[PDB]
Amino acid sequence: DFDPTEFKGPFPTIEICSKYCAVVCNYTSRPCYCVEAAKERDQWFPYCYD
């Protein structure tokens, strides 16, 4: 994984991360969605990502 916006890890700011998630894997110009890993909860890793 890598955090383009904050540090190195999952996204906090999932709103902007939904945009970033898009540019991350598939949706470079399309809306995208982040999935939240439940253990830490805040693990906003894009639906197609690490």
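Under the condition of being of a type in the set (A, V, I, L, M, F, W, C), touching a residue at least 24 places away in the same chain (Cβ under 8 Å) and assigned to a strand (DSSP E or B), which residue from segment 17-50 is surrounded by the most Cβ atoms within 10 Å (Cβ to Cβ)?
Only one residue tops the list, namely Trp44.
Here's a check for you: in segment 1-16, which residue that is outside any loop (DSSP other than H, G, I, E, B) and in contact with a strand residue (DSSP E or B) (Cβ under 8 Å, 6 or more places away or on another chain) is surrounded by the fewest Cβ atoms within 10 Å (Cβ to Cβ)? Please lay out each step first, then the result.
First, pick out the residues of segment 1-16 that are outside any loop (DSSP other than H, G, I, E, B): 11, 14-16.
Remaining after also requiring in contact with a strand residue (DSSP E or B) (Cβ under 8 Å, 6 or more places away or on another chain): 11, 14.
Working: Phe11: 25, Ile14: 18.
By that ranking, first place goes to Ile14.
FYI, it's all coordinate maths here, none of it is from the lab. A quick note on method: Cβ atoms are made from the backbone with ideal geometry, for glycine too, and the neighbour counts reach across all protein chains shown.
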